[PDB]
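Engineer: Just need the structure, nothing else, for what follows:
(3 chains)
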Amino acid sequence: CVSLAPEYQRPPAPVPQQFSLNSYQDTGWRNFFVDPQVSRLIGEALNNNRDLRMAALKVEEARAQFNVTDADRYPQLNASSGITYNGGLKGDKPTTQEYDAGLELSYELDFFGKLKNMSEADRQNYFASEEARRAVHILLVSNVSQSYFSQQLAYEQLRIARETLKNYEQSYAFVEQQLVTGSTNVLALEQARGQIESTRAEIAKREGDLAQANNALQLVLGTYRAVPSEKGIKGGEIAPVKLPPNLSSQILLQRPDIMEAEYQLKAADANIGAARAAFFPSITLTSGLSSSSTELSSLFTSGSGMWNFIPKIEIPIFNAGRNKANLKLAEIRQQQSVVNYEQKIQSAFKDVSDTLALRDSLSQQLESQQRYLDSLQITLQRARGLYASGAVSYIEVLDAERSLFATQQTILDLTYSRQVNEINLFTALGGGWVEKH
Amino acid sequence: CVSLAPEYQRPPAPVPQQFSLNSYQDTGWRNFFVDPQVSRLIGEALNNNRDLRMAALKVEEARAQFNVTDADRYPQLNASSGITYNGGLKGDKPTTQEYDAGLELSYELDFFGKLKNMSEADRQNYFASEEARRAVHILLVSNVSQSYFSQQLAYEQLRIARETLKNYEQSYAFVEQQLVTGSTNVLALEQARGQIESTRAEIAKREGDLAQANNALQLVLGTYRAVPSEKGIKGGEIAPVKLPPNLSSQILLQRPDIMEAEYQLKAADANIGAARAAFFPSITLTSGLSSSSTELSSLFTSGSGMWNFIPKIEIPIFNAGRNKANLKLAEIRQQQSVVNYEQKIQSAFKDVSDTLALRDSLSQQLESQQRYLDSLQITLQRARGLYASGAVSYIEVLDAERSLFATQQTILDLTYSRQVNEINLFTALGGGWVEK
Amino acid sequence: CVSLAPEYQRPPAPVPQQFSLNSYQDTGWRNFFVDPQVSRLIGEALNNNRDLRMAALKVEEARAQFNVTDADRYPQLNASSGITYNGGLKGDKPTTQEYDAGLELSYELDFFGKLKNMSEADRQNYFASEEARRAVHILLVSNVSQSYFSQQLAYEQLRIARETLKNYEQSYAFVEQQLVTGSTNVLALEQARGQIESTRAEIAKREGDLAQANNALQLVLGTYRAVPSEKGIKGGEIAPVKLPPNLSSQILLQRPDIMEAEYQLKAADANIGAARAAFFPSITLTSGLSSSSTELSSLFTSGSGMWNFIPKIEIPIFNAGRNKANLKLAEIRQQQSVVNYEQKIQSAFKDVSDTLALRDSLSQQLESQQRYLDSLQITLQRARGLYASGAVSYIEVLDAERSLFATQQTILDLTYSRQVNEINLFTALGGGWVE
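Structural biologist: Numbers count the residues shown, from 1 in each chain, chains lettered A, B, ... in the order given. Now the structure:
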C-alpha cells in the first residue's frame, strides 16, 4: 500500500512572536467566574442551549460521513436473481427462458491509496467538526455570562434612576417650601419640576432595557425558569486572567477556530494524495458464484453451479489532462487552506491585543471617572448651599445634579465594559472549555 | 408498495405557553396601516421589489426540482443505433459488420418506496420554499412601511430644525436691540450668535438624513417615481394589534419561518425513509425490441427483429456498513431539523415578548417626555422674562432653549420608535400576508 | 456542431439614467490619494493582505475547474489487462483461464453542443471570479485607507484632549490664585477640579481608541512593522472625484460586483444551452485494440491481436419529463441571474446617490461647525473676562469650555466623515483598480 499525500508541515504563524503588553495556565472557568450565579446559568445553558445541541449533532454528522466514505475500502457482497425471456418477431424460433441467480464479491485493491486518503480527509474533517463544537461551547460560555452581567447592569441602572427621582423630588420640596415663603423665584421650581419629569422618562427607558435583557438571557439559557434578580454584592464577580511578563503568540495556536482551520488544512493534504493516486493504475478483484438454467425446476441443481474470479487492472493514458487539472484544484484549495489558517490566527492576535489594550484603557477611565464623581458631589453640595443663601441661581444646582446623574450612569457602564472585556480576554485565549484544573 | 419513512410528529414547542403581557385574528394589512400612503407604496413594492421576485423564482426552482426527481418513478423509453466493425490484426479473418437498432423500456418497481420517499422530500421542500416566499413577503411589507415612516421622521426633524433656527434668530434680535441701547452685556449676544450657527449645522445634518431616507425608500420600492412628501396630518397612521388577555405561544407556530422549518423537518423524515429502503431489494423491469443484421441492406427486414424482457432483483448483503452509516446520517440530519425548528420558535417568542414590553416602555417614555416638554416651555418663558429684567443671566435662556430642542427631537424619535415597534409586533405575529 | 444556448442580451438597467446631483475618467488611485503614507500602506497591503490572497487563489481554482470540465470534449485513451477464471461446481469441466489486454479510445461527438456549452458556463464563471478578485482588490484599498485615516483621527483626538487638559489645569490655577486671596468662592474651584478629572477620563478613552486603530491597521496590512505616527500637516490628503454636470448611471455597469453578476448571467445562458442539448441524440465513437489468449505464454503473439470500432447513437424518447423539468430549472435559474444582476445595480445606484448627498451634507455641517467654533471661542474669552471681574459666575466659563471641547471633537469627526465619504465615492465608482 502507498500514500501519495504530502507530509504535514504546520504553516508558520504570520504574527509577532509576542503581544506588546510565570506561565499562563487554563484554570477552569469555575476559577474565573467568581459569582456563583453565572456558574449556575452556564451549567443550565450547557444542557439546554439549542446552538450547542446543533454543534454536537454536526460532530455526529461528520463521524457518520467518515463511515460512509470508509466503506469503499472493504470487500462488498451482493446478490441478484433474474429471468430472461428472448424470442424473435417473425421467425417461429420458440421463445427462450433463462433463469439466473448470482452472488458477487467486489473489492478495490487501492494500491496507491486513493480511497485510503479520501477516508483520511474525512477523518480530519471530523476532527475539524469537534474543534468546531468546542468553539461553539466556549462562545456559549461567553454569551451566557455577558447576558447575565448585562441583565445586572439593567438592574443597577433602573435602581439608581429610581433613586435619583426620589432625590429630585426632595429638591422640588426644598424649592417648593422656599416659594411658599417668598425666598426664591418660581424659575427654580419649574427647573426642579423639569428634572422630575425628565427622570421619570429615564426610569421608563431603563425598565424596557431590563425587560429586554431578561428575554435575551432566557433565549441563551434555552429554559424559561425564574430569571436571576439583582445581586446585593457589587464587585469581585470575575477573577481576571494572570498573564506572564512576555506572552507568546503560540497561545493562539490552541484556539478552537484555529485548530479547526488546521484540521481542514490536513484534510486538504489528503485530498492532494487522492488527486495523485488518480494518475496510477487501479486493481479490482471480482469473484462470483452463479447458477443459470433453462427451466426453473432445476435452477438450484448440480450441473448449473458456476464460479468465477476476475482480477482487473485499469490504467489512465490520455484524459486531455483531466487528472492534471484535478491535481491543480487540490493543490490550489490546499493553499486556500493555508490562507484560511493564517486568517484565523491574525484575527485571533488582533482580538487579544485589543482586549489587553482595553484592560488598561478601561481601568484608567473608571478610576478617573470616580474622581470626577467625588468632585461632582462636592460641587452639588456647595451649589445647594450657596443657592440656599441667594449667592447663585438654581441653574448651578441643576447642572451639578445633571452631571452627577450622567457620571453615575457612565461609571455603571464602565465597570460593565471592564468585566465583559475580561471575559473577552478569557475567551480569546482558549476560554471556558475546561472547568477544573 | 411500502413507505419506510416515519410518521410525522410535530415537536413540542420549547417556549412558555403564554406571553407575559377576545381572540386574535389577522385583519388584513389594510386595517393595520391607516395611512393611505403606506398602503400605496406597499402596492408599488409588491410588484417591483427584486427580493420578492427572487423569492418567487425560488419557489419555481423548487417545483421544477420536484419534477426532475419524480421522473425516476415512471417507465422510461430510449432508442439506440449502432454499427460494429470487428476484425483481426494478423489472422485473415474478414472484417465483420454488425448493424443494430434498439428500443428499450426501463422501469424501477420501487417496492419499498425509495424513489417515492425522495420525491416526497422534494415535495416537502417545495412547500418550504413557498413559506419562504411568504416570509420574504411580509418582511418586505415591514421594510417598506418602516422606510416610509423613517422618511417622514426625517421630514419632521428637518422642519422643526428650520423652525428652531428662526426662533434663535429672533432671540438674537431680542438681545441685539438691548445691546444697541446698553441694557445687557455682549456675552448674551455671542451666546445667541452661538446657537444660531449650531442650529445651522443641525439643519445640514437633517437634510443629509432626508436625502438618505429618500434613496432607501426608492431602493425598497424598486421604482424611482416621485417620493412622498411630508404629511400635514400627524397621528393615527397605524391601528395597533388588539391582543387577548392571555395570549398563546401557539400563534408563533403559523409564522412563515417556523412553518418553513417544519416543512424541512418533514422532508428529513422522507430522507430517512429512502435511507431505510436502501437496505431492501430492488426490482427492475427492462423490455426491449431490437433489430440486428450483418449487411445494412436488411436491417429493418423480417428475420432480424427480436424482443426481450428481463425482470431483475438485486439485494445488498455486505457493504461494510455503508447503508447503516447513510441511515445514521439521515437520522442525525433529521434531529438537526428538529433543532432548527426549536431555534426558530424560541427566537420568535423572544421577539414578540420584546415588542410587548417595548409597547409599554415606549408609551410611558413618550408621555413623561411630553410632560418634561411642557415644563421646559414654562422654564424658557420664565428665563426669558427674568433675563429681560436683569434677574438672571442669559445662560438660563440658553439652557432652556437647548433642553427644549433636545426634547423636541427625542419626542419625534420616540413616536417613531413607538409606531415601528407596533409594525414589529404585527409582523412577528404573522404579518402582512393577508390584506382582507 | 450546434449551440442551443441563447444569444446574450444585457438586461436594461433598472435605475434612473442620471444621478440627481466634462467627462468622468479613472485617474489612478495614486492621484486620488494625495497623502504618500496611504499610498505606501496600500502597496504594503497589496502584497500581504490574506483576503486578496484568497481572492487570487479563487481565480486559480476557477481556471482549474474549467480544465476539469473541458476534458470531456477531447478523445480519451485507457488501457486495461485482466485474467478471467471460469469453472463448474460439480461438473468435472476443467477450469478455464482467459487472459486479456486492451487499449480503448473513447470520444463523445457532442453534435448539439452539450459539453461545449458546459465548458462555456465554466469559462464565464472564471471571468466571474476574476471580477470578484477585482472587487476584493478595490475593497482592500478602501479598507486600508479608511484604517489609516481612522488611525490619524485617533491621534488628533488624543492630542487635543491632552491639550485641553493643560488648558483646564491653567483654569484651575487661575481660580486657585483668586481663592488663596479671597476674591472668589470655592464653588469655582470645585468646578475647575471637575473639568480636570473629567478630561483625564477622556484621555484614557482616546488612548484606547488609538491602540485599537493601530491593531486594526496592522490586521489589514497583514504585516506588523512600525505603524505610522501622527501627521504634522493636516489637510489635502485626498483629491476628490471630479464629476460632470449630468452624470450617467452607466458608470455603475463597469463596477466589479455588477460585472461579476453579468458573467454569471452569461454562464446561466450556457447552462440553458446544455439543458436543451439534453433532448437531442448523442453520438459516441469507441475504437479498440485488444489481445486475448488462453495461456499467458502467447498473450502478445500473432493470432491474438484484434481491432474494434463501434459508433453508437442514443436518443431519448420518454423520460417522464425529466429533460423538460431540467430545462425549466435552467431557464428559471437564468431569470434568477437577471434578478441578481438588477439587484447589484439598484444597490450600487443607491450607494452613489448617498455619497453624493453626503458630499453636500458634510461640507455644510463642517462649515457651520467651524463658525460655531469661532463664536464659542469669543464666548469663552468673554465669560472668563466677566468672571474675573465678578459679573458672572464661573458656570458661564464652564459651559463655554464644555461647548468648545465638544465642538473641537465634532469638527475632527466631521472632516473624517468628509474624507471617508470621498473614498466611498471613489470606490463605489470603480475605485482603486488602476494606478
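Engineer: Ignoring the adjacent residues along the chain, who's closest to residue A:434?
Structural biologist: The shortest distance from residue A:434 to any non-neighbouring residue, by CB to CB, 6 or more residues apart in numbering or on different chains, is to residue A:28 (4.9 Å). (C-beta placed from N, C-alpha, C; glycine too.)
Engineer: again with residue A:229
Structural biologist: According to CB to CB, 6+ apart, the nearest residue to residue A:229 is residue A:155 (7.4 Å).
Engineer: Where does residue A:111 sit, in terms of helix or strand?
Structural biologist: Assigned by DSSP states H and E, residue A:111 falls within no helix or strand.
Engineer: Please look at it and residue A:1 and confirm they touch.
Structural biologist: Yes - at 6.6 Å, residue A:111 and residue A:1 qualify as touching, with contact defined as CB atoms under 8 Å.
Engineer: what about those two, which has more around it?
Structural biologist: residue A:111 (14 against 8; other CB atoms under 10 Å in any protein chain shown).
Engineer: Looking at chain A, what residue ends up closest to chain C?
Structural biologist: residue A:361 (2.8 Å; CB to the nearest CB).
Engineer: my guess is that residue meets residue C:202, correct?
Structural biologist: No - under the criterion of CB under 8 Å, residue A:361 makes no contact with residue C:202, lying 11.3 Å away.
Engineer: Count the neighbours of residue A:394 for me.
Structural biologist: Neighbours of residue A:394 (other CB under 10 Å): 23.
Engineer: Remind me which helix or strand the spatially most central residue of chain A belongs to.
Structural biologist: Geometric centre of chain A, nearest residue: residue A:136, 3.4 Å, by CA atoms, centre = their mean. Following DSSP H and E, the helix or strand that holds residue A:136 is helix A:114-180.
Engineer: Kindly report the same for residue A:323.
Structural biologist: Residue A:323 belongs to helix A:322-387, assigned by DSSP H and E.
Engineer: I'd like to check the angle between the next helix or strand after that helix and helix C:395-428, please.
Structural biologist: Using DSSP H and E, the helix or strand that follows helix A:322-387 towards the C-terminus is helix A:395-428. Counting by axes from the mean of the first three to the mean of the last three CA atoms, to 10 degrees, helix A:395-428 lies at 40 degrees to helix C:395-428.
Engineer: Give the buried residues for helix A:395-428.
Structural biologist: A:395-405, A:407-412, A:414-428 (16 or more other CB atoms under 10 Å in any protein chain shown).
Engineer: and the helix holding residue A:323, how far out from the chain's middle?
Structural biologist: The chain centre lies 17 Å from the centre of helix A:322-387; the measure is CA atoms, centre = their mean, to the nearest Å.
Engineer: did I read that right, residue A:11 in a helix?
Structural biologist: No - going by DSSP: H, G, I helix; E, B strand; the rest coil, the assignment for residue A:11 is coil, not a helix.
Engineer: Can you name the residues that contact it?
Structural biologist: A:265, A:338, A:341, A:342 (CB atoms under 8 Å, 6 or more residues apart in numbering or on different chains).
Engineer: if we go to 10 Å?
Structural biologist: By CB atoms under 10 Å, 6 or more residues apart in numbering or on different chains, the contact set of residue A:11 is A:261, A:262, A:265, A:337, A:338, A:339, A:341, A:342, A:345.
Engineer: for residue A:325, same thing?
Structural biologist: With CB under 10 Å, 6+ apart, residue A:325 has these contacts: A:275, A:319, C:63, C:64, C:65, C:66, C:67, C:68, C:69, C:70, C:71.
Engineer: Same check on residue A:300?
Structural biologist: Neighbour list for residue A:300: A:99, A:101, A:291, A:293 [criterion: CB under 10 Å, 6+ apart].
Engineer: helix, strand or coil for it?
Structural biologist: coil.
Engineer: before we move on, the earlier item: once you drop chain neighbours, what's closest to the residue of chain A closest to chain C?
Structural biologist: residue C:208 (2.8 Å).
Engineer: what's around residue A:133, how many residues?
Structural biologist: 18.
Engineer: Residue A:61 is in contact with that one, correct?
Structural biologist: No - here residue A:133 lies out of contact with residue A:61, judged by CB atoms under 10 Å, at a distance of 11.3 Å.
Engineer: Quick check: buried residues in the helix or strand hosting residue A:68?
Structural biologist: Counting by DSSP H and E, the element that carries residue A:68 is helix A:50-70. The neighbour-count check on helix A:50-70 (16+ other CB under 10 Å) flags A:50-70 as buried.
Engineer: Summarise which helices and strands that helix is packed against.
Structural biologist: In terms of contacts (3 or more CB pairs under 10 Å, 6 or more residues apart in numbering or on different chains; DSSP states H and E), helix A:50-70 is packed against helix A:36-46, helix A:114-180, helix A:186-221, helix B:322-387.
Engineer: let's see 8 Å
Structural biologist: Contacting helix A:50-70 under the criterion 3 or more CB pairs under 8 Å, 6 or more residues apart in numbering or on different chains; DSSP states H and E are the following elements: helix A:114-180, helix B:322-387.
Engineer: quick one: contacts of it?
Structural biologist: With CB under 8 Å, 6+ apart, helix A:50-70 has contacts from A:45-46, A:118-119, A:122-123, A:125-126, A:128-130, A:132-133, A:136-137, A:140, A:222, B:14, B:320-322, B:324-326, B:328-329, B:332-333, B:335-336, B:339-340, B:342-343, B:346.
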